[PDB]
Amino acid sequence: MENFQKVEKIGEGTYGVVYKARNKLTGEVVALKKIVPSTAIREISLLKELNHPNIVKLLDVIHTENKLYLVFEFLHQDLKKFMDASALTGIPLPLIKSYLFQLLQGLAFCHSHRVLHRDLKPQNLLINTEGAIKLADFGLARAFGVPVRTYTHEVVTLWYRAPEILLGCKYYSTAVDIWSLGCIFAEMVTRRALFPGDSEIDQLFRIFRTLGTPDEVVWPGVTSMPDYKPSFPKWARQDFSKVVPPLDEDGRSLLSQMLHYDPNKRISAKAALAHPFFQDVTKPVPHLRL
Ligand SMILES: Nc1ncnc2c1ncn2[C@@H]1O[C@H](COP(=O)(O)OP(=O)(O)OP(=O)(O)O)[C@@H](O)[C@H]1O
Ligand SMILES: [Mg+2]
């Protein structure tokens, strides 16, 4: 790991600390994550073969001295910062659209190989100057664990967590990433998080107050999930037209099928790509200050 000069601490997070760095041989500019379990080594290593244009490439895995270093392709900005920069104005719809479409291609790819992200959030979505958006940190949650408290005391977000994970479903599927990207999609449109919980019960209860408390009608098997409680308050669903207002009906219709309560009814990434909302999809360039 001495083959890299550290330029700047990009950030810290669940697994470790990310630095911008330079290859002392190549001159290649990379993101170097400093995170070892053998199971975790083999799984990280098969992720190296998961290449796709909307997936941040894992250049190399440097395992030395009980220390693990993940060297990724570097991108100049994440979606959280692009969003904070665009607050006043909002992200134009055609770019939101391009972004959702490309993230769906990324998910269709990984899901077809049976790999889930499990932790999608605006900081894990990286963008460049040509209009591309890529998923970062795919596969890592299953390969190492997803802690309560991110490494540097920071608390991983729950705002994007699917309801079956919150209800203690042990074997959740690729549908959990479609739930999370739906919540991001909504947030790009409105400029405000859809479900900002600050705890697991608050998270749940914020989902219940917009989409209605789920029951055996909308979701067969829900009432015998491990953290389901018959004492949960019964709240009615609200309409999407109030939820993500500006969005047109193709957009709300796609969003509502991404937010289905039952993960077997939730749209897959491959069906979502054929949805009529994407009929006029283009690829615009964003306005970016590096
Ligand atoms: N490949 C990369 N290129 C450029 N910047 C990156 C890259 N990967 C990560 N960063 C940015 O570095 C910061 C730290 O990323 P990090 O993975 O540690 O945290 P996170 O995405 O916020 O949470 P999590 O640990 O769950 O991934 C975030 O701002 C991330 O967007
Ligand atoms: Mg990350």
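All ligand and atom numbering here is 1-based and tracks the order in the structure. Residue numbers start at 1 and run along the sequence shown.
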TODO: Pick one of side chain, backbone, both or neither for how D119 approaches ligand 1, counting any non-hydrogen atom pair under 4.0 Å.
DONE: side chain
Task: Side-chain heavy-atom pair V7, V29 within 4.5 angstrom cut-off - done: no
Open item on the list: Would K33 pass as a cation-pi partner of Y15, given that its NZ or CZ must be under 6.0 Å from the six-membered ring centre and within 45 degrees of the axis?
Closed with: no
Open item on the list: Between the Mg ion (ligand 2) and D137, which N, O or S atom of the residue is the nearest one?
Closed with: OD2
Open item on the list: With a 4.0 Å cut-off on heavy atoms, is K33 in contact with ligand 1?
Closed with: yes
Task: Interfacing atoms of ligand 1 (cut-off 4.0 Å, heavy-atom, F74) - done: 3 (N), 4 (C)
Task: Per-atom contacts of ligand 1 with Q123, taking only distances under 4.0 Å to non-hydrogen atoms - done: 21 (O), 22 (O), 30 (C), 31 (O)
- [ ] For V56, take its heavy atoms, then give the atoms of ligand 1 lying under 4.0 Å from any of them.
- [x] 1 (N)
Open item on the list: To the closest 0.5 Å, what do you measure between OG1 (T282) and CZ (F101)?
Closed with: 11.0 Å
TODO: Would you please say whether a donor-acceptor pair under 3.5 Å links the side chains of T223 and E216?
DONE: yes
- [ ] Answer yes or no: is there an ion pair linking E43 with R142, defined by an N-O contact shorter than 4.0 Å?
- [x] yes
Task: Pair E73 + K134: basic N to acidic O under 4.0 Å - done: yes
Task: Identity and separation of the nearest protein heavy atom to atom 21 (O) of ligand 1 - done: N124 OD1, 2.6 Å
TODO: Would you mind listing which atoms of ligand 1 come within a distance below 4.0 Å of any non-hydrogen atom of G13?
DONE: 18 (O), 19 (O), 25 (O)
Task: Distance-only side-chain donor-acceptor flag, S86 / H287, under 3.5 Å - done: no
TODO: Run down the list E73, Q77, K34 and name the one with the heavy atom closest to atom 1 (N) of ligand 1.
DONE: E73
- [ ] Verify whether one side chain among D177 and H111 offers a donor that lies under 3.5 Å from an acceptor in the other.
- [x] yes
Open item on the list: Looking at ligand 1, would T150 count as a contact under a 4.0 Å heavy-atom criterion?
Closed with: no
Task: Proximity to ligand 1 by part of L126, non-hydrogen separation under 4.0 Å - done: side chain
TODO: For residues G182 and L255, report the shortest heavy-atom separation together with the two atoms involved.
DONE: O-CD1, 3.2 Å
Task: Atoms of ligand 1 close to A31 [distance to a heavy atom under 4.0 angstrom, numbered from 1] - done: 1 (N), 2 (C), 3 (N), 7 (C)
Open item on the list: Counting C-beta onward and ignoring hydrogens, is there a side-chain heavy-atom pair between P122 and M83 closer than 4.5 Å?
Closed with: yes
- [ ] Among all protein heavy atoms, pick the one closest to atom 5 (N) of ligand 1 and tell me residue, atom and distance.
- [x] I10 CD1, 3.6 Å
Task: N124 near the Mg ion (ligand 2) via N/O/S, less than 2.8 Å - done: yes
Open item on the list: Under 4.0 Å from a heavy atom of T14: which atoms of ligand 1 are those, numbered in the order shown and with their elements?
Closed with: 24 (P), 25 (O), 26 (O)
TODO: Give the atoms of ligand 1, by number and element, whose distance to some non-hydrogen atom of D78 is under 4.0 Å.
DONE: 29 (O), 31 (O)
- [ ] Please work out whether the ring planes of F74 and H76 are parallel, tilted or perpendicular, with thresholds of 30° and 60°.
- [x] perpendicular
Open item on the list: Any heavy atom of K121 closer to ligand 1 than 4.0 angstrom?
Closed with: yes
Open item on the list: Out of all atoms in ligand 1, which are within 4.0 Å of some heavy atom of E12? Include the element for each.
Closed with: 18 (O), 19 (O)
Open item on the list: Tell me the protein heavy atom at minimum distance from atom 10 (N) of ligand 1, and give that distance in Å.
Closed with: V18 CG1, 4.0 Å
TODO: Would you tell me whether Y160 and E187 have side-chain atoms, one donor and one acceptor, within less than 3.5 Å of each other?
DONE: yes
Task: Contact (N/O only, under 3.5 Å) between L75 and ligand 1 - done: yes
